[PDB]
Every structure is written in C-alpha cells, then in structure tokens.
Amino acid sequence: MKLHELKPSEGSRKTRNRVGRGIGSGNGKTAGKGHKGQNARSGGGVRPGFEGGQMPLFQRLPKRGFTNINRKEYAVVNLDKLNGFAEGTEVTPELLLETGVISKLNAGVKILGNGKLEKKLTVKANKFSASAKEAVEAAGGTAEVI
Amino acid sequence: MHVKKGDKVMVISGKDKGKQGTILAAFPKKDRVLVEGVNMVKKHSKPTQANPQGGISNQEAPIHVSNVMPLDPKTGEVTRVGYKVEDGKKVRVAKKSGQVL
Amino acid sequence: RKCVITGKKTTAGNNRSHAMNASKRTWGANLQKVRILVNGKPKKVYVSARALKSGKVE
Amino acid sequence: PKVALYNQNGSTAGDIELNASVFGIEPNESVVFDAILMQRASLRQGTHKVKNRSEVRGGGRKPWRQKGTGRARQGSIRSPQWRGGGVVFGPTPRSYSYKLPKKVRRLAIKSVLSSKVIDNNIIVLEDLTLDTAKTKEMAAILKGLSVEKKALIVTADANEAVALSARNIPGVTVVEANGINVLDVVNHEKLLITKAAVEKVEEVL
RNA sequence: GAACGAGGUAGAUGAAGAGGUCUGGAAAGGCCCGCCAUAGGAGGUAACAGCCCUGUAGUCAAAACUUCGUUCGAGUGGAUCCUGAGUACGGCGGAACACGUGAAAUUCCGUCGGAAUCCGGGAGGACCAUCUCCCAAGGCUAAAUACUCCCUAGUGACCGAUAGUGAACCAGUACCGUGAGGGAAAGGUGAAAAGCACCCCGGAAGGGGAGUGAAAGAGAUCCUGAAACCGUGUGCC
RNA sequence: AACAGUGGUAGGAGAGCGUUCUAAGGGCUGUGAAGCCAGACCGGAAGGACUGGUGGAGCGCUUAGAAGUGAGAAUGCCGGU
C-alpha cells in the first residue's frame, strides 16, 4: 500500500446518503420525510412505543416481576472444555479463569452435563448437576465438591 | 541594525546593482537606509516655500537594509557581519577576516 | 434564638403594611415554651412554629 | 527473509536472515488502509469552533411587531437567515481518535515490514555510533547508502549521537525501536535498523 | 532568622554563496554550480531564500525585584472518676439523600409531659433478639479536582472582511431610546510617495497633454472589477 | 453475443460530477497562475478542457481522507439598482 494508491477493500467504505440537496438525486424537497406530517417537523413527534392515545402495550399487561438481592450467577461449563486438558490434571476455579475457560468467576462454578468426557480428572468445584457427577466418574475422575 | 551611517555599503540587488557608496541618512524605525547615488528618482516639486523654483527635483530614495552589505577593509569584498569585544565596547567584525568596522 | 430542625430563624427580610414610615422589626421565636422529646434534654428555652401536627403524639 | 547487511562505513558484511513471524507474512493490504487512518486521525487536534445562535452576543427582541407591518416574520436579529448570523449547525470541538484492537495493530506493523523486505529499502546497520552530532558525517553516510530520498533510522535506545544529529536533514528523521511509528515506516519509504534494535523488534512481537 | 542552587522580570553570542549565468522594472525564480548545520521554525526585504536581514539551534547574561528547592517518654493495673447537655433516638409535620411517607432506615437543617452516660451508647433499610462494626453530640487540615481576564511559549485536514469577537478600521463609538437597554456601517496605490512640477480649458470642480513609475485604463472609499442597470455606436429585422 | 425491459410524484436502492482543506508522488507557473471576459470543442448528466483578451500572484491533476458540501422561490437577511 503506497500513499499514492490508497484504496479500501470494496465494501468497507460507502459514501453518504446525504439528504436534501437538489431534486435530481431524490430526497430533494421533502428530504425523505414526506408531506407535512408530524413525522416531518423539527423534532416534534412521537415516543418510540406510543400509539396516539390508545393504551400502549406496556400497560395493558400485568406486572409479574420480583427480584431478590441474593442471586448467584453460577459459572457455566459445558463439561466439554475439560477435553481441552489432558487427564489427571487439576481442576480448580482459579485454573479455569486463566486458561480462558471461564472469563468471569461470578461466585460459583457449577458444572453442567451436556456432552461426554473420556479423561480421569481431579475435579473440585462448588456445585454439580447430577449427570455431571456421574460423567466424571464415568471417566473415572474424582468428583470433589468445594 | 548591523550597518552604521557612513560605511562603505555595497548594494546587493534592486533596480541598480554594482554601485557601492556611503550612507547619507538612515531610518531604523522604517528599516530603510538613504545611500548616495543609488535609488535616485526624479521628483516633481511645486513652487512653494523652500525656494519656489518648482521644477523637477533630483534626489535619492531610501533602500531597505537587506540590500545593504559593507565591503571588506582588507580585500574590498562583500562580507558578512559578526561581533567581538576589544577592550570595552562591542565592535562590528567583518567575516572572512579579523577586520573591524 | 433557634433550634436544630428547619431553616427559619431571627433573620432579615420584608413586610409592607400601612401608616407608612418604616424600618426593621421582628420575626421572633414563637415560643410558648415547654418540654419535648424529639430531644428530651432540658433547659426550657425558645420555640417557633411552621407547623405543629405530628411533632409527636403525646 | 534473507536481508543483506552493511557496515557503518557502508561496506558489505555478513547478512541476517530475519524471522518469518515478523517479516515473512503476506502483505495484508486491507489492514494498512485502516491502519493509517487511525494514526492520521489522532494527529488532528480538531480545535475548531463556531458561535451558534445562542453564543452570538445579541438576538433577543422580536425586532419589530409581528402583524400590522410589512416584513416577514423574522423573529430575532440573529437568526441563521440574517447577516450577523448564527451558523445553523457548524463545527463543534471534539476528538477524532479511536483505539483499534491489538491483534490488528500487531498485524498492521508486520505487513508493512514484510512488504519492505520485498521492496528491499531496508538495511540493518549495527553500531551507528558517532564522535560528534555533526550532520556532515550523517550526509556522508546517506550518500554512502545511495539514498537521495526520504529515509528512516531505527536506533536501539535513542543514541544521542544519532538523535541530536539528522533532525536538520529534511528527508531523514530519527526514532528509537520503542517508537516504531506506523505512519513513518510507510512515509519515509527507506529504512535503517541497528542490530540491537532488530532483536528489540523481535522481543515484542 | 541567614547562605546556596535553579527559574522569571531587560539580554547577548551565533554557522555557511551580493556563486556564475538567463529572462524580467526588480532575483529569493529557471539553468549550471557550491556550502553550513545541535541552525532546512518564522518574519522581513522589488517575486518562491538553510547560507539576503531580523533571528532560530546551542551556550552564557541580572545591578535590583522576585519565585521555587536545599543547609543553622514507654509499660503494668482494675479501687474510683471522666470521655463532649440543653442536642443524639423512633410512629403521625417539612427538607436533603436515587427514594413522591411508603415496609422507611439514615444525615442534618423550625417545633408539642426533659433517657442513659462504659454493667453504657450508636449503626448494620421498620422493629425484636443474636451477631459483627464503631464512641456521635468541639475544631483545623495539603495533594489529586472545578475554572479563565490577563501573561509567556506555541499549535490548527480554524476564518479570510456579509467569514472570524458586536467591534481586523478610534467599536461598545457613530446613531435609536427620558429610560433598563438596543446597537450598526467602513480593510487593500506601489517595491519605493517617487503622489503628478510644467502647458492649456474653466472661477473652480474637472480634465486633455506632458512627466513619474515596469504598468497612470495605478492618480486618492487607489488590486482584480462580474451581474442587475444606465448606455454610445452599428450588422440584419 | 443472444433475448428482454427503460414514464414516474411521495418513497426505497445503486452509480458518478464538483467546490474548500489535507496526505504522499508527479508537474507549472513573471517565457504571465488563480480569477474575469468572450466563443463554433469534447464527455450520456451534474460537466470538463483549449486557444484569445484581461489581469500581476499563486494553483491544478492521480489516488485517498475530512466536511460549515452545490440556490431559484422562507410576506427570507444584507448591500447595489
């Protein structure tokens, strides 16, 4: 790439669809916004979810929400990222962070059971699904619960 | 203003080259120097106070300092100007020699 | 000439009634001066009044 | 990469085969486009400003009646149709920079370096040490390298014999290996490295 | 309270070609050559300059006023007392907290029968116990941070006179308004005033010559000078 | 190459023209640029040159980037008539 011959990959640049310069290109007089509407004036108009006076959809539906303080986003492992390791290695939540397995330890590492293993592993973690407890034992690995 | 009134000024360029001479007057606020011979224009004058002959007078016009360089007192050469101190007052020093003035 | 609960005391402002020759005269502490416990700790000094329901009950 | 090497005198010496991880990639010409428009963007301070309809020192009154009279509506003495005028939209103070991801800017440097290996405008010169900072010595080196155009020198750790020199030469600027400028490597179009800076390039990438 | 060091309020020093030629009114331009550089930022000079000039790099400079920075009372008890007095605490007044008084904490800031005080007190979103955290009701407190009227230095994919500060100019003026206030318009001779002596026309104003300047149609709201518009002539109707 | 279609407002979609400024190259200018003034030139279009006359110092192209991005209508502003 010389400075004399700068060019993009075609499709990574695209000129303006600039609005309101002459009727030749289109969008000249009305400037893309039609005839005399409320949706043509200087910013006056509508909220996003508004229906002109009819009861908007977010109210005629009931409130079924309730949020506790004490919730726990458990870390989600599909049990198949342990196949990236070899058998007989250490499985700790401090190890799952820096290996790129879990990007964020949100106070709890639960191990799910989709898929399968073939590797005897020293698995210690906070909580376990029931099929994951047997799948680690199916590979002969230990199933310590932190 | 690196040139003193009454030196041996050489004219660099302008309407007249070649001629050298002496300063008759100076204008350091306007950065212009009046030198004999060069930049002589024929000026009209009305018959008024200070000798009402009128007519077309004859005098020289001032020249900007950048056309003005002094010659060498050692060779007769257009040299640049430096500065030294010789027992007291700062003196002008011509380049390409150990000359003064 | 004060207490510790809302910002209105011996201060400096306005009034224009009649007969019309004028300067400085008073808003004072509106006392009728007896105990409370919103702070039960005594000397029996000044009181003023913006509102007196739900000071306390008893 | 089998790039040749010369001396500080300029005589031909033993070459260096470079590393294909840095100098032997394919030239990714799509990245180099969007590489330079990052660095060109954050050389503009953009401190331009225009007084709007409000910052106009006046305005205010309906300059006459609205009816009874003859003119148009014309409802303040500094509206944008007027001659004194507040510009309608105008330019406002801002930035222009945006930090590209790290995997781009690693690859963006390397494709330029791998290109200049093919373009052969690159010479490694170990131990560029000088007695004085005189650019006359610097000019003698450049004519000894047959460089009559723009050029760039990568020092190891900004040796002041090189650094105080060559700032007076127009086509040659001095920079250290910590400051490998993605514009200037493309800009100066011929390039010089010290041998200590060669591994200093290699130790970071 | 004294001495030193650095900075500021004036400064100084400072490299290398009228290089030869060609056009041009005029070389800094073109051509053919040199040269300096810790200086090829910038301005100025008859036009576009590293080496033409002021100056810039670099290094030094302060009588005096200053500015910043350097140097000349521990432990152990466990009798007693104290540890913040006219306030701290809640459910019905107000206000600030994201919280519109609600389940309403908490902080204070006007107000309705006057708690304790170390075996104590307060808080942990009413409250209750438990549990951990902490002694409120006296005061002081730098840095990081908010900002520009000026100053110093210098930037710009900022403006180039209807733009940019209202104001590039005697501009917050001239004028409008008794009034608070409102608030304009208007930069360019050349490189050098060398700015027109002299002769005619007329009372001039104003020309026509001449002379000045490379250009005088360049000559005084003075570069370029379009269109509206006012024209004078003439080809065809 | 063959076949087919091409009126269009609101309205969507795609290509390009051009001014100001910057960016590397290149060049072109006191042997006369920008502008202005004329024509019978070329490009499908916005358009773009080329001589001639004015003017007396700067400005185009090729590819990029940024936009105060282009007038003929606002009982439009401001001059000139």
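Residues numbered from 1 in each chain as written, not as in the entry; some residues may be left out. Chains lettered and ligands numbered in written order. Part of a larger assembly, values for the part shown. Heavy atoms only, no water.

Method of determination for the deposited model, per the PDB record: cryo-EM, at 4.5 Å resolution.

For chain C, the PDB entry supplies the name 50S ribosomal protein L28 and the organism Bacillus subtilis. Check the Subunit section of the UniProt entry for chain C; it says "Part of the 50S ribosomal subunit." Regarding chain C, the relevant UniProt record gives this comment under Sequence similarities: "Belongs to the bacterial ribosomal protein bL28 family." (UniProt positions renumbered as here; feature names shortened; annotations may be inferred.)

As recorded by the PDB entry, chain B carries the name 50S ribosomal protein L24 and is attributed to Bacillus subtilis.

1. Quick look at the overall build of chain C
Within chain C one finds zero helices and zero strands. In terms of C-alpha radius of gyration, chain C reaches 15 Å, well past the compact-globule figure of 10 Å for 58 residues. Structurally, chain C occupies a C-alpha span of about 45 × 25 × 20 Å along its principal axes. Roughly 6,600 Å² of accessible area belongs to chain C as shown, and the carbon and sulfur atoms make up 52% of that amount. (Helix = DSSP H or I, 4+ residues; strand = E, 2+ residues; numbered from the N terminus. Rg over C-alpha atoms; globule rule 2.2 N^0.38 Å. Areas by Shrake-Rupley, 256 points an atom, 1.4 Å probe, with all protein chains shown as cover.)

2. Observations concerning the environment of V147(D)
Residues and elements named next belong to chain D. Relative to the helices and strands, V147 resides in the loop between α4 (135-144) and β4 (151-155). Between the C-alpha atoms of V147 and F23, which are 124 residues apart in sequence, the distance is 22 Å. Non-local contacts of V147, meaning those with residues more than four positions away in its chain, are made with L142 and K190. (Contact = heavy atoms within 4.5 Å.)

3. Some remarks on the layout of surface pockets
Residue and element names in this part refer to chain C. Within this model, the largest pocket holds a volume of roughly 1,500 Å³. Forming the walls of the largest pocket are 39 residues, and the residues nearest its centre are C3, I5, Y46, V47 and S48. Of the voids in this model, the second largest pocket is the one considered here, and its volume is about 600 Å³. For the second largest pocket, the lining is made up of 18 residues, of which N14, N15, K24, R25 and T26 are closest to its centre. (1 Å grid on protein atoms, 1.4 Å probe; cavity = no way out; pocket = protein on both sides within 12 Å on 5 of 7 lines; lining within 4 Å. Points joined across faces, edges and corners; volume = space filled by probe spheres on them.)

4. Looking at the protein's contact with RNA strand F
Lining the immediate surroundings of RNA strand F are 34 residues, of which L6(A), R21(A), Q74(D), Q81(D) and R83(D) lie closest. For RNA strand F, the backbone portion of the atoms within 4 Å of the protein, that is sugar and phosphate, comes to 72%. A distance of 2.7 Å separates a sugar or linking oxygen of RNA strand F from a polar atom in the backbone of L6(A). In the environment of RNA strand F, a sugar or linking oxygen lies 3.5 Å from a nitrogen or oxygen atom belonging to the side chain of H35(A). (Near = heavy atom within 4 Å. Polar contact = N/O pair within 3.5 Å; in protein donor to acceptor, adjacent residues only side chain to side chain.)

5. As for the interface of chain D and chain A
Contacts between chain D and chain A engage nine residues on the former and eight residues on the latter. Roughly 840 Å² is buried in total at the junction of chain D and chain A, and carbon and sulfur atoms are behind 64% of that figure. Counting across the chain D and chain A interface gives two salt bridges. Put simply, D34(D) and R13(A) hold a salt bridge, and the shortest N to O gap is 3.1 Å. Where the side of chain D that touches chain A is concerned, the elements lending two or more residues are α2 (29-39) and α6 (182-188) of chain D. With six residues, α2(D) is the single largest residue contributor to the side of chain D that touches chain A. Here the residues of the side of chain D that touches chain A sort into four nonpolar, two polar and three charged. (Buried area = accessible area lost by both parts, 1.4 Å probe. Salt bridge = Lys/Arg side-chain N within 4 Å of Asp/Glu carboxyl O. Nonpolar A, V, L, I, M, F, W, Y, C, P; charged D, E, K, R; others polar.)

6. Things to note about unusual backbone geometry
Not every positive phi belongs to a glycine, and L101(B) is a case in point at roughly 60 degrees. Inspection of the secondary structure assignment puts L101(B) in the segment after β9 (90-94). Note on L101(B): relative accessible area 65%, which makes it exposed. At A19(C), a residue that is not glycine, the phi angle is positive and equals roughly 75 degrees. (Buried < 20%, exposed > 50% of the residue type's maximum accessible area, 1.4 Å probe, protein only.)

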